[PDB]
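Below is the file query.csv, which contains CSV, C-alpha atoms and all ligand atoms.
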```csv
chain,number,residue,atom,x,y,z
A,1,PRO,CA,9.0,-3.1,6.1
A,2,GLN,CA,5.7,-1.5,7.0
A,3,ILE,CA,5.6,2.0,8.5
A,4,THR,CA,2.5,3.1,10.2
A,5,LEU,CA,1.7,6.8,10.4
A,6,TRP,CA,0.9,7.2,14.1
A,7,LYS,CA,4.2,9.2,14.1
A,8,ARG,CA,6.3,10.9,11.5
A,9,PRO,CA,7.7,8.4,9.0
A,10,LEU,CA,11.3,9.3,9.8
A,11,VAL,CA,14.0,6.9,8.7
A,12,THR,CA,17.8,6.9,8.6
A,13,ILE,CA,19.3,7.9,5.3
A,14,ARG,CA,23.0,8.2,4.2
A,15,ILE,CA,24.5,10.7,1.8
A,16,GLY,CA,28.2,10.3,1.7
A,17,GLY,CA,29.6,10.6,5.2
A,18,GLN,CA,26.5,12.0,6.7
A,19,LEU,CA,23.7,10.0,8.3
A,20,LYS,CA,20.5,12.0,8.7
A,21,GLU,CA,16.9,11.4,9.7
A,22,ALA,CA,14.4,12.0,6.9
A,23,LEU,CA,10.7,11.8,6.3
A,24,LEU,CA,9.3,9.3,3.7
A,25,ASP,CA,7.1,11.9,2.1
A,26,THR,CA,4.4,11.0,-0.4
A,27,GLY,CA,3.5,14.7,-0.6
A,28,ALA,CA,6.8,15.8,-2.1
A,29,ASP,CA,7.5,15.3,-5.8
A,30,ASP,CA,11.3,15.6,-5.1
A,31,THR,CA,13.7,15.0,-2.3
A,32,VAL,CA,14.8,18.1,-0.3
A,33,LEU,CA,17.6,17.9,2.2
A,34,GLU,CA,18.8,20.3,4.9
A,35,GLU,CA,21.7,22.6,4.0
A,36,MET,CA,24.9,20.7,3.2
A,37,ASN,CA,27.9,21.4,1.0
A,38,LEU,CA,27.7,18.7,-1.7
A,39,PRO,CA,30.3,18.4,-4.4
A,40,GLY,CA,29.4,18.9,-8.1
A,41,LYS,CA,27.3,21.0,-10.4
A,42,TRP,CA,23.9,22.3,-9.3
A,43,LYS,CA,21.2,24.8,-10.4
A,44,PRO,CA,19.1,27.2,-8.4
A,45,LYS,CA,15.4,26.6,-7.9
A,46,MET,CA,12.5,27.9,-5.8
A,47,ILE,CA,10.1,25.4,-4.2
A,48,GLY,CA,6.9,26.2,-2.5
A,49,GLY,CA,4.8,24.8,0.3
A,50,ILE,CA,2.8,26.0,3.3
A,51,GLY,CA,4.2,29.4,4.2
A,52,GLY,CA,5.6,30.2,0.8
A,53,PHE,CA,8.9,29.4,-1.0
A,54,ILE,CA,12.5,28.6,-0.2
A,55,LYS,CA,15.5,28.7,-2.5
A,56,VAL,CA,17.3,25.4,-3.1
A,57,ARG,CA,20.2,24.0,-5.1
A,58,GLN,CA,19.3,21.1,-7.4
A,59,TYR,CA,22.0,18.4,-7.6
A,60,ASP,CA,21.5,15.5,-10.0
A,61,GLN,CA,22.5,11.8,-9.8
A,62,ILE,CA,23.3,11.9,-6.1
A,63,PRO,CA,23.4,8.4,-4.4
A,64,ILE,CA,21.4,8.1,-1.2
A,65,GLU,CA,21.0,5.0,0.9
A,66,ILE,CA,17.5,4.9,2.6
A,67,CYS,CA,17.2,2.2,5.3
A,68,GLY,CA,19.8,0.1,3.4
A,69,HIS,CA,18.1,0.5,0.0
A,70,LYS,CA,20.1,2.1,-2.7
A,71,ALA,CA,18.7,5.1,-4.6
A,72,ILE,CA,20.2,7.7,-7.0
A,73,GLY,CA,18.7,10.8,-8.3
A,74,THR,CA,17.9,14.5,-7.9
A,75,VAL,CA,18.4,16.1,-4.4
A,76,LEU,CA,17.3,19.7,-3.6
A,77,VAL,CA,19.4,21.2,-0.9
A,78,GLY,CA,18.4,24.3,1.1
A,79,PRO,CA,17.0,25.7,4.3
A,80,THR,CA,14.2,23.2,4.9
A,81,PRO,CA,13.4,22.5,8.6
A,82,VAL,CA,13.2,18.7,7.9
A,83,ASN,CA,14.9,16.3,5.5
A,84,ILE,CA,12.3,15.1,3.0
A,85,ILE,CA,12.6,11.9,0.9
A,86,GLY,CA,10.2,12.6,-2.1
A,87,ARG,CA,8.6,10.5,-4.7
A,88,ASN,CA,11.6,10.6,-7.0
A,89,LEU,CA,13.5,8.4,-4.6
A,90,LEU,CA,10.6,6.6,-2.8
A,91,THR,CA,9.7,4.8,-6.1
A,92,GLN,CA,13.4,3.6,-6.4
A,93,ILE,CA,13.3,1.9,-3.0
A,94,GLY,CA,9.9,0.3,-3.8
A,95,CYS,CA,7.7,2.4,-1.5
A,96,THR,CA,3.9,2.3,-1.8
A,97,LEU,CA,0.9,3.6,0.1
A,98,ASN,CA,-1.5,0.9,1.2
A,99,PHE,CA,-5.0,1.0,2.8
B,1,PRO,CA,-5.9,0.0,-2.5
B,2,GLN,CA,-2.1,0.0,-3.1
B,3,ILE,CA,-0.9,3.3,-4.5
B,4,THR,CA,2.5,3.6,-6.2
B,5,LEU,CA,4.4,6.9,-6.3
B,6,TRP,CA,5.4,7.5,-10.0
B,7,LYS,CA,2.5,10.0,-10.0
B,8,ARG,CA,1.2,12.3,-7.2
B,9,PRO,CA,-1.2,10.3,-4.9
B,10,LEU,CA,-4.2,12.5,-5.6
B,11,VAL,CA,-7.5,11.1,-4.6
B,12,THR,CA,-11.1,12.2,-4.6
B,13,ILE,CA,-12.6,13.1,-1.2
B,14,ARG,CA,-16.1,13.8,-0.1
B,15,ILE,CA,-16.6,16.5,2.4
B,16,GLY,CA,-19.9,18.3,3.1
B,17,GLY,CA,-21.4,16.7,0.1
B,18,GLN,CA,-18.7,18.2,-2.1
B,19,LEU,CA,-16.1,16.3,-4.1
B,20,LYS,CA,-12.6,17.6,-4.0
B,21,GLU,CA,-9.2,16.3,-5.1
B,22,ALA,CA,-6.6,16.0,-2.3
B,23,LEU,CA,-3.0,14.7,-2.0
B,24,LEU,CA,-2.2,11.9,0.4
B,25,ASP,CA,0.7,13.5,2.2
B,26,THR,CA,2.6,11.3,4.7
B,27,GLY,CA,5.0,14.3,5.4
B,28,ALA,CA,2.0,16.2,6.8
B,29,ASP,CA,1.0,15.8,10.5
B,30,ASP,CA,-2.3,17.6,9.7
B,31,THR,CA,-5.0,17.7,7.1
B,32,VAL,CA,-5.1,21.1,5.4
B,33,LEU,CA,-7.7,22.2,2.8
B,34,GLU,CA,-7.8,25.3,0.6
B,35,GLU,CA,-10.3,28.0,1.5
B,36,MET,CA,-13.8,26.7,1.8
B,37,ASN,CA,-16.9,27.0,4.0
B,38,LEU,CA,-17.5,24.4,6.7
B,39,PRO,CA,-20.2,24.7,9.3
B,40,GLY,CA,-19.8,24.9,13.1
B,41,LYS,CA,-17.3,26.3,15.5
B,42,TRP,CA,-13.7,26.8,14.5
B,43,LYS,CA,-10.6,27.9,16.3
B,44,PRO,CA,-7.9,30.2,14.9
B,45,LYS,CA,-4.6,28.3,14.8
B,46,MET,CA,-1.1,28.7,13.2
B,47,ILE,CA,0.9,26.0,11.5
B,48,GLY,CA,4.3,25.9,9.8
B,49,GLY,CA,5.5,24.3,6.5
B,50,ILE,CA,8.5,24.4,4.4
B,51,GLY,CA,8.1,28.2,3.7
B,52,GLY,CA,7.1,29.5,7.1
B,53,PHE,CA,3.9,29.9,9.1
B,54,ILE,CA,0.3,30.5,8.1
B,55,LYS,CA,-3.0,31.1,9.9
B,56,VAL,CA,-5.7,28.5,9.5
B,57,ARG,CA,-9.2,27.8,10.8
B,58,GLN,CA,-9.3,24.6,12.8
B,59,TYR,CA,-12.5,22.5,12.5
B,60,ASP,CA,-12.9,19.4,14.7
B,61,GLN,CA,-14.9,16.2,14.0
B,62,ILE,CA,-15.4,16.8,10.3
B,63,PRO,CA,-16.3,13.7,8.3
B,64,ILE,CA,-14.3,13.1,5.1
B,65,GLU,CA,-14.6,10.0,2.9
B,66,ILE,CA,-11.2,9.4,1.4
B,67,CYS,CA,-11.3,7.1,-1.6
B,68,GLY,CA,-14.4,5.5,0.0
B,69,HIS,CA,-12.9,5.1,3.5
B,70,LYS,CA,-14.5,7.1,6.3
B,71,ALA,CA,-12.7,9.4,8.6
B,72,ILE,CA,-13.9,11.9,11.2
B,73,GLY,CA,-11.3,14.4,12.5
B,74,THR,CA,-9.6,17.7,12.5
B,75,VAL,CA,-9.5,19.7,9.3
B,76,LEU,CA,-7.5,22.9,9.0
B,77,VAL,CA,-8.6,25.4,6.3
B,78,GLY,CA,-6.2,28.0,5.0
B,79,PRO,CA,-3.6,29.0,2.4
B,80,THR,CA,-2.1,25.6,1.6
B,81,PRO,CA,-0.8,25.3,-2.0
B,82,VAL,CA,-2.9,22.2,-2.5
B,83,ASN,CA,-5.5,20.2,-0.5
B,84,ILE,CA,-3.6,17.6,1.7
B,85,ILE,CA,-4.6,14.7,3.7
B,86,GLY,CA,-2.2,14.3,6.6
B,87,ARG,CA,-1.4,11.7,9.1
B,88,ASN,CA,-4.3,12.5,11.5
B,89,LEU,CA,-6.7,11.1,8.9
B,90,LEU,CA,-4.3,8.7,7.1
B,91,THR,CA,-4.1,6.7,10.3
B,92,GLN,CA,-8.0,6.6,10.5
B,93,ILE,CA,-8.3,5.0,7.1
B,94,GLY,CA,-5.5,2.5,7.8
B,95,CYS,CA,-2.9,3.9,5.5
B,96,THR,CA,0.7,2.6,5.9
B,97,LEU,CA,3.9,3.0,3.9
B,98,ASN,CA,5.4,-0.3,2.6
B,99,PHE,CA,8.7,-1.1,0.9
C,1,LIG,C1,2.6,21.0,-2.1
C,1,LIG,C2,2.4,19.8,-1.2
C,1,LIG,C3,3.3,19.9,0.1
C,1,LIG,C4,3.0,21.1,0.9
C,1,LIG,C5,1.5,21.2,1.4
C,1,LIG,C6,4.8,19.8,-0.3
C,1,LIG,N1,5.5,19.7,1.0
C,1,LIG,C7,5.7,18.3,1.5
C,1,LIG,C8,4.9,18.1,2.8
C,1,LIG,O1,4.8,16.8,3.2
C,1,LIG,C9,5.4,18.9,4.0
C,1,LIG,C10,6.7,18.4,4.6
C,1,LIG,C11,7.2,19.2,5.7
C,1,LIG,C12,7.2,18.7,7.0
C,1,LIG,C13,7.6,19.5,8.1
C,1,LIG,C14,8.1,20.8,7.9
C,1,LIG,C15,8.1,21.3,6.6
C,1,LIG,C16,7.7,20.5,5.5
C,1,LIG,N2,4.5,18.9,5.0
C,1,LIG,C17,3.7,20.0,5.4
C,1,LIG,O2,3.7,21.1,5.0
C,1,LIG,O3,2.8,19.6,6.5
C,1,LIG,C18,2.2,20.7,7.2
C,1,LIG,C19,0.8,20.1,7.4
C,1,LIG,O4,1.0,19.3,8.6
C,1,LIG,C20,2.1,19.8,9.4
C,1,LIG,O5,3.0,18.8,9.7
C,1,LIG,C21,4.2,19.0,9.0
C,1,LIG,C22,4.3,20.5,8.7
C,1,LIG,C23,2.8,20.9,8.5
C,1,LIG,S1,6.9,20.6,1.0
C,1,LIG,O6,7.7,20.2,2.1
C,1,LIG,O7,6.4,21.9,1.0
C,1,LIG,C24,7.7,20.4,-0.4
C,1,LIG,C25,8.6,19.3,-0.6
C,1,LIG,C26,9.3,19.1,-1.8
C,1,LIG,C27,9.1,20.0,-2.9
C,1,LIG,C28,9.9,19.8,-4.2
C,1,LIG,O8,9.1,18.9,-5.0
C,1,LIG,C29,8.2,21.1,-2.7
C,1,LIG,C30,7.5,21.3,-1.5
```
Please rewrite the model in this file as C-alpha cells.
Amino acid sequence: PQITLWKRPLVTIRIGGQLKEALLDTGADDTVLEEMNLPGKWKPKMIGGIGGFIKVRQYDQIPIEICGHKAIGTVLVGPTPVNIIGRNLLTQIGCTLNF
Amino acid sequence: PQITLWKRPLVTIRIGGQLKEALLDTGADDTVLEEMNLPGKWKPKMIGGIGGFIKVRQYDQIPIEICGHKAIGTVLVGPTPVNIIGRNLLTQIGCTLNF
C-alpha cells in the first residue's frame, strides 16, 4: 500500500505471540523493539538518538511479520519509547520513499 | 524520485543559501537540524527522542528546498545526532511510503 505521513506511519507487526504497533522508520538503520524477553543468543549494544543513548540487546535472524509481509533479521531490544522498524527490515518488505 | 532503503536516505537541502546533508526520517514528527544560525524570532522548546529530552530553538516558516522540492515550515535547531527532515516537511514535498 501507500502510507502518507500526515500521521505517524504506525503499522501492526508480529513477533511470535505478540502483535505490536511499530513505526516504519526510514531514519533508523536497524529495527528496535520495546523490552521483550526473546529466546536465543544476543549481544549488548548502545544506540544513540536525540537525547543520547540507550542500551539494547541485539538478536539475529528473528522473523517478524509486518502488515502480512515476511521479514527476518536483526532486532535490537531495549527501553525504546516506540517500536521502530528500521531499514534492515523495510527493504525486505519492499518499502520505498516516493515523492 | 523513488528512494530505496539499502542506504541511508540522505539528501542535499538548501536552507538560507547553504547546502547541507539531511536524513529523510519518517520516524520523526519534526525537522531537527544541528546547531546553525537562522534569522528571526525563535522560541525555546523541548523535544524527546530515543535517549531522552533536549532543548531546541524553534523557528517557524523557514524555507527549505529538499532535493529540489520546496517546503516552508517549522525547523528545530539543537543537539540532534544528524540533520533530519521529519514528517512536518515530508508531507509538504509529497513524500509517502510504499510497499
Ligand atoms: C540518528 C537518526 C535518528 C535520530 C535523530 C535515529 N532514530 C530514529 C528516529 O526516526 C526517531 C524515532 C523515534 C520516535 C519517537 C520516539 C523515539 C524515537 N525519531 C526521532 O527522534 O524524532 C524526533 C524528532 O521528531 C520527534 O518525533 C518523534 C520523536 C522526535 S532513533 O530512534 O534514535 C534510532 C533508531 C534505531 C537505531 C539503531 O540503528 C538508532 C537510533
Quick one: distance from CA of residue 83 in chain B to atom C4 of ligand LIG 1 (chain C) in Å, one decimal?
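Between these atoms lies a distance of 8.7 Å.
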As an NGL selection string, could you give me every residue of chain B near chain A (at most 9 Å apart, counting all atoms listed in the file)?
:B and (1-9 or 23-29 or 47-54 or 69 or 79-82 or 84 or 87-88 or 90-91 or 93-99)
A:31, A:37, A:58, A:74: which is nearest ligand LIG 1 (chain C), counting only C-alpha atoms and all ligand atoms?
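Of all the options, A:31 lies closest to ligand LIG 1 (chain C).
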Chain fit of chain B to chain A, all Cα atoms, as a CSV table (one decimal) with C-alpha atoms, in the coordinates of the input:
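Okay, this is what ended up in out_26.csv:
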```
chain,number,residue,atom,x,y,z
B,1,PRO,CA,9.6,-2.9,5.7
B,2,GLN,CA,6.0,-1.9,6.5
B,3,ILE,CA,5.8,1.4,8.3
B,4,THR,CA,2.7,2.5,10.2
B,5,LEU,CA,1.8,6.2,10.7
B,6,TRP,CA,1.1,6.6,14.5
B,7,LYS,CA,4.6,8.2,14.6
B,8,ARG,CA,6.5,10.3,12.0
B,9,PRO,CA,8.1,8.0,9.4
B,10,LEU,CA,11.6,9.1,10.1
B,11,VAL,CA,14.4,7.0,8.8
B,12,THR,CA,18.1,7.0,8.7
B,13,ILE,CA,19.8,7.8,5.4
B,14,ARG,CA,23.3,7.6,4.1
B,15,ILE,CA,24.5,10.3,1.9
B,16,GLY,CA,28.1,11.2,1.2
B,17,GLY,CA,29.2,8.9,3.9
B,18,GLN,CA,27.1,10.8,6.4
B,19,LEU,CA,24.1,9.5,8.4
B,20,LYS,CA,21.1,11.8,8.6
B,21,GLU,CA,17.5,11.4,9.8
B,22,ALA,CA,14.9,12.2,7.1
B,23,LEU,CA,11.0,12.0,6.9
B,24,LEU,CA,9.4,9.8,4.2
B,25,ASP,CA,7.1,12.4,2.8
B,26,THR,CA,4.5,11.1,0.2
B,27,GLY,CA,3.1,14.7,-0.1
B,28,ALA,CA,6.5,15.9,-1.4
B,29,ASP,CA,7.2,15.6,-5.2
B,30,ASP,CA,10.9,16.3,-4.4
B,31,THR,CA,13.6,15.3,-2.0
B,32,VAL,CA,14.7,18.3,0.1
B,33,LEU,CA,17.6,18.3,2.6
B,34,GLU,CA,18.6,21.0,5.1
B,35,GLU,CA,21.8,23.0,4.4
B,36,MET,CA,24.8,20.8,3.7
B,37,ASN,CA,27.8,20.4,1.4
B,38,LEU,CA,27.5,18.1,-1.6
B,39,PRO,CA,30.1,17.9,-4.3
B,40,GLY,CA,29.7,18.6,-8.0
B,41,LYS,CA,27.7,21.0,-10.1
B,42,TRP,CA,24.4,22.4,-8.9
B,43,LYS,CA,21.7,24.5,-10.4
B,44,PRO,CA,19.8,27.3,-8.6
B,45,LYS,CA,16.1,26.4,-8.5
B,46,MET,CA,12.9,27.6,-6.7
B,47,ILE,CA,10.3,25.4,-5.2
B,48,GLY,CA,7.0,26.1,-3.3
B,49,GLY,CA,5.5,24.5,-0.1
B,50,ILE,CA,2.7,25.2,2.2
B,51,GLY,CA,4.2,28.7,3.2
B,52,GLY,CA,5.4,30.0,-0.1
B,53,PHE,CA,8.6,29.7,-2.2
B,54,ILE,CA,12.2,29.1,-1.3
B,55,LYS,CA,15.5,29.0,-3.3
B,56,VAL,CA,17.3,25.7,-3.3
B,57,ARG,CA,20.5,24.2,-4.8
B,58,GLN,CA,19.6,21.3,-7.2
B,59,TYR,CA,22.0,18.4,-7.3
B,60,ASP,CA,21.5,15.6,-9.8
B,61,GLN,CA,22.5,11.9,-9.5
B,62,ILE,CA,23.2,11.9,-5.8
B,63,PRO,CA,23.2,8.4,-4.2
B,64,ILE,CA,21.2,8.1,-1.0
B,65,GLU,CA,20.7,4.8,0.9
B,66,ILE,CA,17.3,5.0,2.5
B,67,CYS,CA,16.8,2.4,5.2
B,68,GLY,CA,19.2,0.2,3.3
B,69,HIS,CA,17.6,0.7,-0.1
B,70,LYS,CA,19.7,2.4,-2.8
B,71,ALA,CA,18.5,5.4,-4.8
B,72,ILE,CA,20.3,7.7,-7.1
B,73,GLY,CA,18.6,11.0,-8.0
B,74,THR,CA,17.9,14.6,-7.6
B,75,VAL,CA,18.4,16.2,-4.2
B,76,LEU,CA,17.5,19.8,-3.5
B,77,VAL,CA,19.3,21.5,-0.6
B,78,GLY,CA,17.8,24.5,1.1
B,79,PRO,CA,15.7,25.9,3.9
B,80,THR,CA,13.3,23.0,4.5
B,81,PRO,CA,12.0,22.7,8.1
B,82,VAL,CA,13.1,19.1,8.1
B,83,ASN,CA,15.0,16.7,5.8
B,84,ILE,CA,12.4,15.0,3.5
B,85,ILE,CA,12.4,12.2,1.1
B,86,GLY,CA,10.0,12.8,-1.7
B,87,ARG,CA,8.4,10.9,-4.4
B,88,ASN,CA,11.3,11.1,-6.8
B,89,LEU,CA,13.3,8.8,-4.5
B,90,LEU,CA,10.3,7.0,-2.9
B,91,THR,CA,9.5,5.5,-6.2
B,92,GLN,CA,13.2,4.3,-6.7
B,93,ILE,CA,13.1,2.3,-3.5
B,94,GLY,CA,9.7,0.8,-4.3
B,95,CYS,CA,7.6,2.6,-1.7
B,96,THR,CA,3.8,2.4,-2.0
B,97,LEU,CA,0.9,3.5,0.2
B,98,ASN,CA,-1.4,0.6,1.2
B,99,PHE,CA,-4.8,0.6,3.0
```
As number ranges by chain, please: the residues near residue 39 in chain B (cut-off 10 Å, only C-alpha atoms, same-chain neighbours under 4 positions excluded).
B: 16, 59, 62
Between A:60, A:30, A:35, A:21, which is the closest to ligand LIG 1 (chain C) once you count only C-alpha atoms and all ligand atoms?
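Looking at the shortest contact to ligand LIG 1 (chain C), the residue is A:30.
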Atomic separation - CA of residue 45 in chain A relative to atom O1 of ligand LIG 1 (chain C), Å
18.2 Å
Among listed residues B:56, B:38, B:71, B:15, nearest ligand LIG 1 (chain C) (using all atoms listed in the file)
B:56
Looking at B:46, B:67, B:36, B:72, which one is nearest to ligand LIG 1 (chain C), with distances taken over only C-alpha atoms and all ligand atoms?
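Using only C-alpha atoms and all ligand atoms, ligand LIG 1 (chain C) sits closest to B:46.
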Tell me, in Å to one decimal, how far atom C7 of ligand LIG 1 (chain C) is from CA of residue 33 in chain A.
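Result for atom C7 of ligand LIG 1 (chain C) versus CA of residue 33 in chain A: 11.9 Å, one decimal.
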Considering only C-alpha atoms and all ligand atoms, state which residue in the set B:61, B:73, B:34, B:43 is at the smallest distance from ligand LIG 1 (chain C).
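Nearest candidate to ligand LIG 1 (chain C) out of B:61, B:73, B:34, B:43: B:34.
The residue that comes closest to ligand LIG 1 (chain C), out of B:64, B:32, B:11, B:19 and on the basis of all atoms listed in the file, is B:32.
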Could I get range 40-57 of chain A from the block written out with N, CA, C and O atoms, as a compact mmCIF listing (two decimals), in the first residue's frame?
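The resulting file, out_6.txt, is reproduced below:
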```txt
# COMPACT_ATOMS: atom_id res chain seq x y z
N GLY A 40 17.00 -17.00 22.70
CA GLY A 40 18.18 -17.09 21.86
C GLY A 40 19.34 -16.24 22.31
O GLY A 40 19.24 -15.47 23.27
N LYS A 41 20.46 -16.38 21.60
CA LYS A 41 21.65 -15.60 21.88
C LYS A 41 21.43 -14.14 21.51
O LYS A 41 20.64 -13.82 20.62
N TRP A 42 22.15 -13.28 22.20
CA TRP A 42 22.13 -11.85 21.89
C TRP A 42 23.46 -11.24 22.31
O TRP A 42 24.30 -11.90 22.95
N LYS A 43 23.66 -9.98 21.93
CA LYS A 43 24.86 -9.25 22.32
C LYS A 43 24.47 -7.84 22.71
O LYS A 43 23.56 -7.28 22.09
N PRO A 44 25.16 -7.26 23.71
CA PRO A 44 24.83 -5.89 24.13
C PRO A 44 25.34 -4.86 23.15
O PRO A 44 26.39 -5.05 22.53
N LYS A 45 24.61 -3.76 23.06
CA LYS A 45 24.95 -2.66 22.18
C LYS A 45 24.39 -1.37 22.77
O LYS A 45 23.43 -1.40 23.55
N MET A 46 25.00 -0.24 22.40
CA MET A 46 24.45 1.07 22.76
C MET A 46 24.13 1.83 21.49
O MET A 46 25.00 1.96 20.62
N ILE A 47 22.90 2.34 21.41
CA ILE A 47 22.44 3.07 20.22
C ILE A 47 21.99 4.46 20.61
O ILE A 47 21.46 4.68 21.71
N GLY A 48 22.29 5.40 19.73
CA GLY A 48 22.11 6.82 20.02
C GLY A 48 21.11 7.53 19.13
O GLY A 48 20.97 7.24 17.93
N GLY A 49 20.40 8.48 19.73
CA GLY A 49 19.49 9.34 19.00
C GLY A 49 19.32 10.64 19.78
O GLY A 49 20.16 11.02 20.60
N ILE A 50 18.22 11.35 19.52
CA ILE A 50 18.00 12.60 20.22
C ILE A 50 17.87 12.28 21.70
O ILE A 50 17.16 11.36 22.06
N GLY A 51 18.62 13.00 22.54
CA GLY A 51 18.60 12.77 23.97
C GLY A 51 19.76 11.96 24.49
O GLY A 51 20.05 12.05 25.68
N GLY A 52 20.43 11.20 23.62
CA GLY A 52 21.55 10.35 23.99
C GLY A 52 21.32 8.89 23.64
O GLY A 52 20.64 8.58 22.66
N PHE A 53 21.90 7.99 24.43
CA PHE A 53 21.96 6.58 24.09
C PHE A 53 21.06 5.74 25.00
O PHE A 53 20.76 6.13 26.13
N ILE A 54 20.65 4.58 24.50
CA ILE A 54 20.07 3.54 25.34
C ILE A 54 20.82 2.25 25.09
O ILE A 54 21.44 2.08 24.02
N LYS A 55 20.77 1.35 26.06
CA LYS A 55 21.41 0.05 25.92
C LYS A 55 20.38 -0.93 25.40
O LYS A 55 19.25 -0.96 25.90
N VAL A 56 20.78 -1.74 24.43
CA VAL A 56 19.88 -2.71 23.83
C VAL A 56 20.55 -4.07 23.71
O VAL A 56 21.77 -4.18 23.83
N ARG A 57 19.73 -5.10 23.49
CA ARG A 57 20.20 -6.45 23.21
C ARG A 57 19.98 -6.76 21.73
O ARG A 57 18.86 -6.64 21.24
```
